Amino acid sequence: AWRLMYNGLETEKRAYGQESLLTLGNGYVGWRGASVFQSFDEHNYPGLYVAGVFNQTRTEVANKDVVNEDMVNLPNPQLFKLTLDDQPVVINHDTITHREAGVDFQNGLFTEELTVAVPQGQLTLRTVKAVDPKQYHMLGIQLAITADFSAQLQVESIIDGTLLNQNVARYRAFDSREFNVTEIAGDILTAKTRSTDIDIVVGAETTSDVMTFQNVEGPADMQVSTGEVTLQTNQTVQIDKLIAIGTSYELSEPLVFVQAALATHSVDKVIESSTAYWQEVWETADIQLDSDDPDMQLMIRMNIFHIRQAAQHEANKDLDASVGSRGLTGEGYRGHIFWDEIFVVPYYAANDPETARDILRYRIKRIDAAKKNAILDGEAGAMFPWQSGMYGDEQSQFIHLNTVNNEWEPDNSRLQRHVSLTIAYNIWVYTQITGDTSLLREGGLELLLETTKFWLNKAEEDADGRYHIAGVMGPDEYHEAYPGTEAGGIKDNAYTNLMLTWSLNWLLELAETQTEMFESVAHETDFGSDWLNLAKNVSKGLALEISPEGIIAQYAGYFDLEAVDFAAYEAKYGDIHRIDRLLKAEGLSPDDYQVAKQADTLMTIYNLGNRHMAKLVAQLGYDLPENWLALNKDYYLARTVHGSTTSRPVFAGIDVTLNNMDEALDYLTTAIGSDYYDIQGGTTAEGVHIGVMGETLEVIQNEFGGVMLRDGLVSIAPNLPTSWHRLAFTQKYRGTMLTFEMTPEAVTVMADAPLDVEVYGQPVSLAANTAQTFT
């Protein structure tokens, strides 16, 4: 219900995967749930990451230098080596007799309970790991050693600065050394990233009641403290290690900061700090669902836990960072920031708004780089990268090595230009839910005006007045180009033209409702009447391709592509969620076929809802049949293989609108339990899937739960499945708290301030602390 628990030894990617979901974090650090006794091998990967600390490596492959920006795995401060009677204690899979590890979401504490068989008996080892969310540079470890015998025990407490980035198997072909150890002085190890000039300072102190630890000279690039004690029979020995993490990216003088931090904290403080923090968090952040799924309530909180570990205002207010695709739990995609933000930003805005503002600063700070990125590709305005990191330049590869013939080929990954519209969408959602216009003033409006310049300039008017957007990719990554050409990008992706149509609407609204701010920023950005006139005509003339039946084509010419025999590919190969790689193995190109990795055209409904999207299509002068949603959903689900974890929940929310309750609960159960169950084996070995954690919470609260906040008002239209006996949670809207209790036939809502809301489309006035029930 509250504790994610594992019992028994796992191996390989299954062992890495548990480590990912057991990761503890506080916005500033991500600390992988690995055993304190192990280093990187086939069943273990210790990982420590800091928000925004990247390194660039250069690896020469095929006469070309491949530059990779890697989120740095810090020196491992948790390593412990034991010794009995000067004989080393071997802790591996052949000597561990009992193993259970887990994270208690109520207090944020990681435990690992081990029993090791040693030549003289059994060693019982229980580890508590914690992170301080207030003194967010602080970590601490509680280690308890017990033996059913007596011998001389020497404990070695190590900061291991010899490790590399080795979490992702396919990344090991590249240079994986990320820093040089510049000094080891007493409690402190200092490193400096090889190419980004970041000083990394890792300091630690190890104490106990019944032994003294002393810093000793150790192996190269390892800081070592050593203590000796005589184990009495069935007598527990308790050891505390206080760790302080600091880098020059967020601190002006990181060495002296770590020094004062070690001398002004304790493991107990960290434990109680994490304890008090989560107890306070769960007063409002919990989402209580009593249903016929016994595991469902745990994974809902697991989602809430990992999203709040990835970013929390008490730490992130001091940081220049956002939430990566894996948060801070692993090295999958090298910690880069994706458009995945769209899956967490509305959650942060609705339940913890200051953290949402913190991570939107990351994009606002990087408008300049986006403007530099637009020039580099011959574009205008601000064109945000597909993969952003330290500087905001494009960190996706431009070029890829063909594996059949050994020659370089263009890489089209960056052509998913719609990532610019997600950033703009995320500022709108935040502005709508919080009412904090100070973000728009401090870059948010400039970001919108500069990205609008990128879209408006890229647009092409035809002879009959229609505007087109070419050379782009939609969210369906399976389609990078038209059949026949090497030029990347397709034309008039429906998701892009619609999202862009929305952005011009919101821009034009801001010019009226926020005239003072608008004219100021438009003057500073040279957004004159010419640009504004272009925006108005593009908002009316963007082109879409819709068939006579009402099917909105994914992009122009999509109806001409070939069909795929999905049932044949399924029976032949098994799973088709990588049908793109199956097609390429047969010498076939996914560019030629009607198959979708994830929601593309239907992703507009996730962002805006079907009513908003229908209004946009009509605004563009197109007529849709009254049942276009079901038709388009049916059309595209039949072509979608769910190659991404974010695919199914978009269909789930649509199914709620269509009252397809069986499929809606099915797809949501599938998606929310992907990381937890891991029936395939190791899908989270490279990092937890943060986006699907926020996306499934959206299905629970905004689709099933039927709560919307982004449309200028609170809209309450719950549609619960019969198996969901009770759904309760809170929401934040412009400083007002809202509490909800929902059953399959009634909703109860209370606001701690006066609020005019809508319930099933009917206007309702809420009085402060006076709940109402709607059956």
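Residues carry their position along the shown sequence, with the first being 1.
Two stretches are in play, 467-475 and 94-102, and the higher mean C-alpha B-factor belongs to 94-102. Stretch comparison (404-412 versus 348-356) by mean CA B-factor in the PDB entry places 404-412 on top.
By the numbers in the PDB entry, the CA B factor is greatest at 124 among 124, 329, 601, 610. Set against one another, the Cα B-factors of 566, 606, 277, 386 in the record reach their highest point at 566. Compared with the other modelled residues of the chain, the Cα B-factor recorded for residue 648 ranks in the lowest third. Residue 627: CA B factor in the middle third of modelled residues in this chain (values from the PDB entry). Among all modelled residues in this chain, the alpha-carbon of residue 81 has a temperature factor (C-alpha) in the highest third. Ranked by C-alpha B-factor against the other modelled residues of its chain, residue 27 falls in the lowest third. Residue 766 sits in the highest third of its chain by CA B factor, as recorded in the PDB entry.
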